[PDB]
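Pasted below: structure19.txt, compact mmCIF, C-alpha atoms.
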```
# COMPACT_ATOMS: atom_id res chain seq x y z
CA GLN J 2 42.28 23.85 13.64
CA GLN J 3 43.09 21.77 10.64
CA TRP J 4 44.04 18.04 10.49
CA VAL J 5 45.27 16.45 7.25
CA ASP J 6 46.05 12.79 6.55
CA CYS J 7 45.82 11.86 10.19
CA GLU J 8 45.10 8.30 11.25
CA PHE J 9 43.70 7.49 14.66
CA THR J 10 42.49 4.26 15.96
CA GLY J 11 40.86 3.92 19.37
CA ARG J 12 41.28 7.57 20.31
CA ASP J 13 39.28 9.23 23.03
CA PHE J 14 37.93 12.59 21.96
CA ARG J 15 34.99 12.71 24.41
CA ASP J 16 33.72 16.12 25.60
CA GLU J 17 36.15 17.90 23.50
CA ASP J 18 35.23 21.10 21.74
CA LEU J 19 36.18 20.44 18.15
CA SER J 20 33.91 23.18 16.73
CA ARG J 21 35.06 24.42 13.35
CA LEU J 22 37.54 21.63 13.07
CA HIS J 23 38.65 21.01 9.42
CA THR J 24 39.76 17.57 8.47
CA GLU J 25 41.03 16.44 5.07
CA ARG J 26 41.54 12.71 4.49
CA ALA J 27 41.48 11.99 8.20
CA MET J 28 40.89 8.41 9.20
CA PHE J 29 39.14 7.92 12.50
CA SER J 30 38.54 4.32 13.33
CA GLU J 31 36.82 3.12 16.51
CA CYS J 32 37.22 6.57 18.06
CA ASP J 33 34.90 8.03 20.68
CA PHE J 34 33.38 11.44 19.91
CA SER J 35 30.67 11.27 22.59
CA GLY J 36 29.76 14.59 24.20
CA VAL J 37 31.88 16.37 21.53
CA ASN J 38 31.13 19.69 19.97
CA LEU J 39 31.72 19.25 16.20
CA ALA J 40 29.49 22.21 15.22
CA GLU J 41 30.42 24.09 12.06
CA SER J 42 33.16 21.61 11.34
CA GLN J 43 34.26 20.71 7.77
CA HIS J 44 35.41 17.36 6.58
CA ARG J 45 36.60 16.27 3.25
CA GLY J 46 37.52 12.78 2.15
CA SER J 47 37.79 11.76 5.85
CA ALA J 48 36.45 8.55 7.46
CA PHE J 49 34.69 7.92 10.75
CA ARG J 50 34.74 4.19 10.63
CA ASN J 51 33.07 2.38 13.53
CA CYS J 52 33.22 5.57 15.68
CA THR J 53 31.03 6.41 18.62
CA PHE J 54 28.96 9.54 18.55
CA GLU J 55 26.71 9.79 21.64
CA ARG J 56 25.19 13.14 22.22
CA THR J 57 27.62 14.73 19.78
CA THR J 58 26.64 18.01 18.16
CA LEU J 59 27.27 18.05 14.41
CA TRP J 60 25.04 21.14 13.74
CA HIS J 61 25.95 23.25 10.66
CA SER J 62 28.77 21.03 9.64
CA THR J 63 29.81 19.77 6.25
CA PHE J 64 30.90 16.34 5.15
CA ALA J 65 32.02 15.99 1.52
CA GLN J 66 33.17 12.56 0.19
CA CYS J 67 33.30 11.13 3.67
CA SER J 68 32.64 7.75 4.98
CA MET J 69 30.84 7.06 8.29
CA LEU J 70 31.04 3.36 7.77
CA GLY J 71 29.64 1.44 10.70
CA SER J 72 29.65 4.44 13.09
CA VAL J 73 26.95 4.69 15.79
CA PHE J 74 25.00 7.92 16.49
CA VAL J 75 22.93 8.17 19.63
CA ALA J 76 20.77 11.25 20.30
CA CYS J 77 23.08 13.51 18.31
CA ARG J 78 22.36 17.01 16.97
CA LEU J 79 22.48 16.10 13.25
CA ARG J 80 20.58 18.94 11.67
CA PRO J 81 20.85 21.05 9.84
CA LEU J 82 24.03 20.04 8.07
CA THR J 83 25.49 19.45 4.67
CA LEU J 84 26.13 15.94 3.43
CA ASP J 85 27.71 15.86 0.01
CA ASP J 86 28.35 12.29 -1.12
CA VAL J 87 28.76 10.51 2.23
CA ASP J 88 28.69 6.83 2.92
CA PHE J 89 26.54 5.64 5.88
CA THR J 90 26.94 2.00 5.06
CA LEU J 91 26.22 -0.04 8.21
CA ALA J 92 25.86 3.05 10.43
CA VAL J 93 23.40 3.06 13.27
CA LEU J 94 21.19 6.16 13.06
CA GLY J 95 18.23 4.75 14.97
CA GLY J 96 16.26 7.23 17.01
CA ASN J 97 17.85 10.35 15.58
CA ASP J 98 16.11 13.32 14.05
CA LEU J 99 17.27 13.71 10.42
CA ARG J 100 14.29 15.71 9.22
CA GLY J 101 14.80 17.68 6.02
CA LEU J 102 18.39 16.56 5.36
CA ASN J 103 19.53 16.27 1.75
CA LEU J 104 20.78 12.72 1.47
CA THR J 105 20.72 12.73 -2.30
CA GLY J 106 22.70 9.88 -3.66
CA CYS J 107 24.06 8.81 -0.29
CA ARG J 108 24.76 5.14 0.57
CA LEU J 109 22.62 3.89 3.45
CA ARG J 110 23.23 0.24 2.72
CA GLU J 111 22.35 -1.76 5.80
CA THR J 112 22.05 1.40 7.86
CA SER J 113 19.91 1.10 10.93
CA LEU J 114 17.06 3.67 10.75
CA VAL J 115 14.92 2.16 13.48
CA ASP J 116 12.67 4.80 14.96
CA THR J 117 14.65 7.31 12.85
CA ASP J 118 12.87 10.58 11.82
CA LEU J 119 13.67 11.17 8.10
CA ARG J 120 10.50 13.28 7.39
CA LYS J 121 10.93 15.74 4.55
CA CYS J 122 14.35 14.33 3.79
CA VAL J 123 15.54 14.19 0.14
CA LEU J 124 16.56 10.66 -0.57
CA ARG J 125 16.68 10.93 -4.37
CA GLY J 126 18.83 8.15 -5.83
CA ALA J 127 19.99 7.05 -2.41
CA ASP J 128 20.68 3.45 -1.78
CA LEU J 129 18.71 1.82 1.08
CA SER J 130 19.40 -1.76 0.32
CA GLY J 131 19.34 -3.79 3.49
CA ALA J 132 18.44 -0.89 5.76
CA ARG J 133 16.45 -1.57 8.96
CA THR J 134 13.39 0.69 8.81
CA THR J 135 11.10 -0.48 11.62
CA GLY J 136 9.43 2.63 12.94
CA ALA J 137 11.33 4.87 10.48
CA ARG J 138 9.43 8.00 9.43
CA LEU J 139 9.53 8.86 5.75
CA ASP J 140 6.44 11.01 5.48
CA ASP J 141 7.01 13.79 2.93
CA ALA J 142 10.44 12.46 2.04
CA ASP J 143 11.46 12.33 -1.61
CA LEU J 144 12.44 8.77 -2.50
CA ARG J 145 12.48 9.14 -6.28
CA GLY J 146 15.02 6.92 -7.88
CA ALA J 147 16.16 5.54 -4.50
CA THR J 148 17.01 1.80 -4.34
CA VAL J 149 14.79 0.30 -1.63
CA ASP J 150 13.84 -3.12 -0.33
CA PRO J 151 10.31 -4.51 -0.42
CA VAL J 152 10.35 -4.42 3.46
CA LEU J 153 10.76 -0.63 3.72
CA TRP J 154 7.35 -0.41 1.98
CA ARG J 155 5.88 -2.50 4.80
CA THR J 156 7.66 -0.73 7.67
CA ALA J 157 8.32 2.93 7.13
CA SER J 158 5.66 5.52 7.61
CA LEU J 159 5.20 7.00 4.06
CA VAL J 160 2.31 9.53 3.94
CA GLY J 161 3.17 12.13 1.36
CA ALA J 162 6.44 10.41 0.47
CA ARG J 163 7.26 11.11 -3.14
CA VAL J 164 7.91 8.04 -5.25
CA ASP J 165 8.42 7.10 -8.87
CA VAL J 166 6.27 4.59 -10.80
CA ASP J 167 8.44 1.46 -10.35
CA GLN J 168 8.40 2.27 -6.62
CA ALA J 169 4.66 2.66 -6.40
CA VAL J 170 4.39 -0.77 -8.03
CA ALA J 171 6.93 -2.33 -5.68
CA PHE J 172 4.93 -0.83 -2.82
CA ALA J 173 1.75 -2.66 -4.06
CA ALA J 174 3.72 -5.94 -4.51
CA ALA J 175 5.35 -5.56 -1.07
CA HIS J 176 1.75 -5.58 0.31
CA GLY J 177 0.92 -8.76 -1.51
CA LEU J 178 -0.66 -7.53 -4.74
CA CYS J 179 0.08 -9.65 -7.78
CA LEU J 180 1.18 -7.54 -10.73
CA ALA J 181 -0.48 -9.58 -13.51
CA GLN W 3 -41.69 -18.73 -19.09
CA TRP W 4 -42.16 -15.02 -18.59
CA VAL W 5 -41.48 -13.04 -21.73
CA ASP W 6 -41.87 -9.23 -21.95
CA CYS W 7 -43.68 -9.34 -18.59
CA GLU W 8 -43.75 -6.78 -15.70
CA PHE W 9 -44.52 -7.39 -11.95
CA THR W 10 -44.67 -5.22 -8.91
CA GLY W 11 -44.78 -5.56 -5.17
CA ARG W 12 -45.44 -9.24 -5.77
CA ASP W 13 -44.79 -11.93 -3.21
CA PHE W 14 -43.32 -15.12 -4.78
CA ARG W 15 -42.20 -16.45 -1.43
CA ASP W 16 -41.34 -20.09 -1.04
CA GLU W 17 -42.43 -20.77 -4.57
CA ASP W 18 -40.60 -23.23 -6.75
CA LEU W 19 -39.63 -21.42 -9.90
CA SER W 20 -36.80 -23.67 -11.01
CA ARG W 21 -35.90 -23.65 -14.68
CA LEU W 22 -37.90 -20.54 -15.19
CA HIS W 23 -36.81 -18.67 -18.36
CA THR W 24 -37.61 -14.97 -18.28
CA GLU W 25 -37.02 -12.47 -21.02
CA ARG W 26 -37.46 -8.74 -20.71
CA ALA W 27 -39.40 -9.53 -17.53
CA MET W 28 -39.10 -6.89 -14.86
CA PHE W 29 -39.75 -7.18 -11.16
CA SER W 30 -40.12 -4.23 -8.91
CA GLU W 31 -40.13 -4.51 -5.19
CA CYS W 32 -40.95 -8.23 -5.20
CA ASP W 33 -40.00 -10.83 -2.60
CA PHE W 34 -38.20 -14.05 -3.73
CA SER W 35 -37.10 -15.03 -0.25
CA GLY W 36 -36.94 -18.79 0.08
CA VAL W 37 -37.76 -19.14 -3.66
CA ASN W 38 -36.23 -21.93 -5.74
CA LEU W 39 -34.80 -20.46 -8.93
CA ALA W 40 -32.44 -23.33 -9.44
CA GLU W 41 -31.25 -23.60 -13.06
CA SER W 42 -33.35 -20.61 -14.05
CA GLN W 43 -32.61 -18.47 -17.14
CA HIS W 44 -33.04 -14.76 -17.74
CA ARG W 45 -32.15 -12.34 -20.44
CA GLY W 46 -32.70 -8.60 -20.42
CA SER W 47 -34.76 -8.87 -17.22
CA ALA W 48 -34.62 -6.55 -14.22
CA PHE W 49 -34.99 -7.33 -10.54
CA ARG W 50 -35.35 -3.88 -8.93
CA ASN W 51 -35.36 -3.53 -5.17
CA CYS W 52 -36.46 -7.12 -4.71
CA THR W 53 -35.83 -9.20 -1.61
CA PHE W 54 -33.75 -12.33 -1.89
CA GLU W 55 -33.30 -13.86 1.52
CA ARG W 56 -32.28 -17.45 1.50
CA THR W 57 -33.16 -17.70 -2.20
CA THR W 58 -31.68 -20.62 -4.13
CA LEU W 59 -30.14 -19.50 -7.37
CA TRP W 60 -27.46 -22.07 -8.21
CA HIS W 61 -27.02 -23.12 -11.76
CA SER W 62 -29.19 -20.38 -13.15
CA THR W 63 -27.91 -18.11 -15.90
CA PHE W 64 -28.40 -14.31 -15.88
CA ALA W 65 -27.48 -12.59 -19.16
CA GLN W 66 -27.64 -8.90 -19.70
CA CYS W 67 -29.74 -8.36 -16.51
CA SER W 68 -30.20 -5.87 -13.71
CA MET W 69 -30.34 -6.49 -9.97
CA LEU W 70 -30.45 -2.79 -9.05
CA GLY W 71 -30.99 -2.18 -5.36
CA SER W 72 -31.98 -5.74 -4.63
CA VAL W 73 -30.99 -7.20 -1.25
CA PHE W 74 -29.35 -10.66 -1.12
CA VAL W 75 -29.14 -12.45 2.17
CA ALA W 76 -27.44 -15.81 2.64
CA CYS W 77 -28.33 -16.93 -0.91
CA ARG W 78 -27.24 -20.06 -2.74
CA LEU W 79 -25.37 -18.25 -5.54
CA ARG W 80 -22.84 -20.81 -6.65
CA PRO W 81 -22.40 -22.00 -9.23
CA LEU W 82 -24.00 -19.27 -11.33
CA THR W 83 -23.55 -17.67 -14.73
CA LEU W 84 -23.61 -13.88 -14.53
CA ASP W 85 -22.98 -12.34 -17.92
CA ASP W 86 -22.99 -8.53 -17.96
CA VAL W 87 -25.10 -8.12 -14.91
CA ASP W 88 -25.69 -4.87 -13.06
CA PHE W 89 -25.49 -5.16 -9.26
CA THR W 90 -25.51 -1.38 -8.76
CA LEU W 91 -26.61 -0.63 -5.21
CA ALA W 92 -27.46 -4.21 -4.55
CA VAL W 93 -26.77 -5.66 -1.09
CA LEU W 94 -24.48 -8.76 -1.22
CA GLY W 95 -22.86 -8.62 2.22
CA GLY W 96 -22.09 -11.95 3.75
CA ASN W 97 -22.60 -13.88 0.57
CA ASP W 98 -20.32 -16.51 -0.95
CA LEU W 99 -19.25 -15.67 -4.47
CA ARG W 100 -15.85 -17.41 -4.49
CA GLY W 101 -14.64 -18.11 -8.01
CA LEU W 102 -17.57 -16.59 -9.88
CA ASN W 103 -16.90 -14.96 -13.26
CA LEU W 104 -18.01 -11.40 -12.85
CA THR W 105 -16.22 -10.08 -15.84
CA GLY W 106 -17.53 -6.73 -17.03
CA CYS W 107 -20.26 -6.65 -14.41
CA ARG W 108 -21.24 -3.44 -12.56
CA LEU W 109 -21.03 -3.34 -8.75
CA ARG W 110 -21.40 0.38 -8.32
CA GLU W 111 -22.15 1.17 -4.68
CA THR W 112 -22.88 -2.53 -4.25
CA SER W 113 -22.53 -3.59 -0.63
CA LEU W 114 -19.94 -6.34 -0.25
CA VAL W 115 -19.31 -6.18 3.48
CA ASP W 116 -17.82 -9.53 4.49
CA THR W 117 -18.66 -10.90 1.05
CA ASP W 118 -16.41 -13.74 -0.12
CA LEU W 119 -15.04 -12.89 -3.67
CA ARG W 120 -11.92 -14.97 -3.59
CA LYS W 121 -10.59 -16.06 -6.94
CA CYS W 122 -13.47 -14.24 -8.60
CA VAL W 123 -12.74 -12.89 -12.06
CA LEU W 124 -13.52 -9.18 -12.00
CA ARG W 125 -11.73 -8.07 -15.12
CA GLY W 126 -13.27 -4.83 -16.38
CA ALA W 127 -15.94 -4.81 -13.70
CA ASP W 128 -16.88 -1.44 -12.21
CA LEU W 129 -16.53 -1.44 -8.39
CA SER W 130 -16.75 2.38 -7.97
CA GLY W 131 -18.34 3.09 -4.58
CA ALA W 132 -18.71 -0.53 -3.44
CA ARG W 133 -18.69 -0.95 0.34
CA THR W 134 -15.80 -3.42 0.79
CA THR W 135 -15.22 -3.69 4.57
CA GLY W 136 -14.32 -7.34 5.34
CA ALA W 137 -14.65 -8.15 1.58
CA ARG W 138 -12.32 -10.95 0.57
CA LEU W 139 -10.66 -10.44 -2.84
CA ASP W 140 -7.64 -12.62 -2.22
CA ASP W 141 -6.42 -14.12 -5.51
CA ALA W 142 -9.28 -12.41 -7.41
CA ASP W 143 -8.50 -11.00 -10.85
CA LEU W 144 -9.02 -7.23 -10.84
CA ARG W 145 -7.22 -6.24 -13.99
CA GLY W 146 -8.93 -3.44 -15.84
CA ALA W 147 -11.56 -2.93 -13.13
CA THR W 148 -12.52 0.56 -12.01
CA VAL W 149 -12.01 0.84 -8.30
CA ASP W 150 -12.04 3.62 -5.77
CA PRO W 151 -9.18 4.37 -3.37
CA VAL W 152 -11.15 3.08 -0.43
CA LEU W 153 -11.35 -0.49 -1.79
CA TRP W 154 -7.54 -0.41 -1.88
CA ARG W 155 -7.55 0.32 1.85
CA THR W 156 -10.31 -1.99 2.96
CA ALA W 157 -10.63 -5.21 0.95
CA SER W 158 -8.23 -8.04 1.63
CA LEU W 159 -6.24 -8.40 -1.50
CA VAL W 160 -3.46 -10.86 -0.95
CA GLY W 161 -2.57 -12.41 -4.33
CA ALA W 162 -5.13 -10.21 -6.21
CA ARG W 163 -4.00 -9.66 -9.80
CA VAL W 164 -3.76 -6.02 -10.83
CA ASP W 165 -2.37 -4.00 -13.70
CA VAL W 166 0.17 -1.19 -13.37
CA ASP W 167 -2.34 1.61 -13.04
CA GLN W 168 -4.15 -0.14 -10.18
CA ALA W 169 -0.84 -0.83 -8.29
CA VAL W 170 0.04 2.85 -8.63
CA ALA W 171 -3.46 3.63 -7.38
CA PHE W 172 -3.11 1.23 -4.44
CA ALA W 173 0.09 3.05 -3.46
CA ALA W 174 -1.62 6.51 -3.70
CA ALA W 175 -4.60 5.16 -1.72
CA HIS W 176 -2.11 4.62 1.13
CA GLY W 177 -0.62 8.14 0.92
CA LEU W 178 2.27 7.74 -1.54
CA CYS W 179 2.65 10.74 -3.87
CA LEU W 180 3.50 10.05 -7.42
CA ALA W 181 5.73 12.80 -8.63
```
Output the structure of this file as structure tokens.
Amino acid sequence: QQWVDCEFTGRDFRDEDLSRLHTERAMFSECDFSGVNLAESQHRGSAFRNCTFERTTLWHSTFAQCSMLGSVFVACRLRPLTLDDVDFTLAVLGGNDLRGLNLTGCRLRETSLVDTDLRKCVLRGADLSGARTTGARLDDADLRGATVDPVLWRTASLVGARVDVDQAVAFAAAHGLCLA
Amino acid sequence: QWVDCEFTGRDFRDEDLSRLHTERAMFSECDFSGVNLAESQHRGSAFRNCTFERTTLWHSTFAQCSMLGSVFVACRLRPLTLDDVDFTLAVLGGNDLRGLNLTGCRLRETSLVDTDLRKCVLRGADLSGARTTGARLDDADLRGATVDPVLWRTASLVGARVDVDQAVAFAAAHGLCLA
């Protein structure tokens, strides 16, 4: 299947098998994709705004120039998959396993990453301004050039996380050191 | 006044030696516990493996001097002038050194467990190997000092002033990888 320029608000897609679905500029707003099989699906320029994804399988899928603004993901199969310029602004990703995903240059402004496993992820140039990172795991992740708040440095687990020089400094300041 | 003098295993206990001025005097394994060295002066002298328990040292001046391996216990050390002094392997745990100027001093493998160094000036000092568990370095000036990764993980450092290289080092001491 292939859906182009569709706009749905409040739709119930629960338990559906949407594997290999292709969407192009689809707008899904406040839709429920819980229990859905979205494996090997392809989306381009579509939006999943304030949607519900509980126990949804997104394995091997591809999202290019998509927005997931404000959507909530609970215990979903989110890896591996291809994200190519996707906006997660205000999404709730808490508790999921996102290990090793390439989130290069993605927007994760005010995203909730509480208890989220982002180990070995590539977050180069990503934007984490305002994200909630209590319990988040960033060990071995690459944060080079990412925009991050002083609080991430105090919250996220960061052993082996790769950082640039301004970031190492912000980390020291975030722990109370006075750069004199 | 002890000039170019050398003592060993001597007990100076409870003696009043205030305003003493030593020069090139060297003490080895001597005991100054309870001694009064108030407003004393010393230049080029060494105090090797000596015992300083409850010694009074306030207002003395120590210039170009060594305290190698000496043990300090609950000493009156403030105020004090310590100009290029070597505390290598000395034991300072539990002492109060708040605000002292320790610029350029050596504290290599010095034991500072629970030692109060707040607002101390430690610019250029060498702290390599110091034992810093419980050491308080809050608001102390550490710029240009040589410090090991473990100090970054054990001393309290709120407000401590550091340069870029030390900040980077603090981050690596916690597991961040600079790439």
Might you pull out every residue within 12 Å of residue 79 of chain J, with only C-alpha atoms counted and same-chain residues fewer than 4 positions away left off, and present them as a ChimeraX atom specification? /J:38-41,54-64,74-75,83-84,94,96-103,117-119
Select, from W:6, W:179, W:41, W:11, the residue with the minimum atom-to-atom distance to residue 27 of chain W, counting all atoms listed in the file. W:6
Mind checking which residues fall within 6 Å of segment 154-159 of chain W, counting all atoms listed in the file, ignoring those fewer than 6 positions away in the same chain, and posting them as number ranges by chain? W: 134-135, 137-140, 172
Between W:40, W:91, W:124, W:65, which one has atoms that come closest to residue 104 of chain W, using only C-alpha atoms?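 With only C-alpha atoms as the atom set, the closest residue is W:124.
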Using all atoms listed in the file and a cut-off of 8 Å, which residues of chain J sit close to chain W? Please list them as an MDAnalysis selection string. chainID J and resid 159:166 169:170 172:174 176:181
Long-range neighbours of residue 149 of chain J as a PyMOL selection string, 9 Å cut-off, all atoms listed in the file, 2 positions minimum in chain: chain J and resi 127-132+144+147+151-154+168
Computed gap from atom CA of residue 110 of chain J to atom CA of residue 67 of chain J is 14.9 Å
Hey, what's within 7 Å of residue 29 of chain J if we count only C-alpha atoms and toss same-chain stuff fewer than 6 positions away? As an mmCIF file with C-alpha atoms, in the coordinates of the input, please?
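In the end it all went to out.cif:
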```
data_model
loop_
_atom_site.group_PDB
_atom_site.id
_atom_site.type_symbol
_atom_site.label_atom_id
_atom_site.label_comp_id
_atom_site.auth_asym_id
_atom_site.auth_seq_id
_atom_site.Cartn_x
_atom_site.Cartn_y
_atom_site.Cartn_z
ATOM 1 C CA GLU J 8 45.100 8.300 11.250
ATOM 2 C CA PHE J 9 43.700 7.490 14.660
ATOM 3 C CA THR J 10 42.490 4.260 15.960
ATOM 4 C CA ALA J 48 36.450 8.550 7.460
ATOM 5 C CA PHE J 49 34.690 7.920 10.750
ATOM 6 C CA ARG J 50 34.740 4.190 10.630
#
```
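For the set W:69, W:119, W:28, W:52, the residue with the smallest atom-to-atom gap to residue 13 of chain W is W:52, counting all atoms listed in the file.
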Of the listed residues J:68, J:43, J:35, J:90, that which approaches residue 5 of chain J most closely, counting only C-alpha atoms: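 The shortest atom-to-atom distance to residue 5 of chain J comes from J:43.
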For atom CA of residue 126 of chain W and atom CA of residue 46 of chain W, determine how far apart the two atoms are, in Å to one decimal place.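 Answer for the atom CA of residue 126 of chain W to atom CA of residue 46 of chain W separation: 20.2 Å.
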Write out as a list in words each polymer residue whose atoms come within 6 Å of residue 86 of chain J, counting only C-alpha atoms; drop sequence neighbours fewer than 5 positions from it.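 Counting only the stated atoms, we get residues 65, 66 and 107 of chain J.
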Quote the spacing between atom CA of residue 78 of chain W and atom CA of residue 14 of chain W in Å to one decimal place.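 Interatomic distance, atom CA of residue 78 of chain W to atom CA of residue 14 of chain W: 16.9 Å.
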Any chance you could work out the axis-aligned box around segment 144-149 of chain W, listed atoms only, 3 Å on each side, giving centre and edge lengths in Å to one decimal, as AutoDock Vina command-line options?
```
--center_x -9.9 --center_y -3.2 --center_z -12.1 --size_x 11.3 --size_y 14.1 --size_z 13.5
```
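Within 12 Å of the file-frame point (37.7, 23.4, 20.1), and using all atoms listed in the file, the polymer residues found are residues 2, 3, 14, 15, 16, 17, 18, 19, 20, 21, 22, 23, 37, 38, 39, 40, 41 and 42 of chain J.
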Nearest to residue 112 of chain W, chosen from W:70, W:77, W:147, W:82, with all atoms listed in the file counted in the distances: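 The shortest atom-to-atom distance to residue 112 of chain W comes from W:70.
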Pick from W:88, W:98, W:17, W:111: nearest to residue 35 of chain W, with only C-alpha atoms counted? W:17
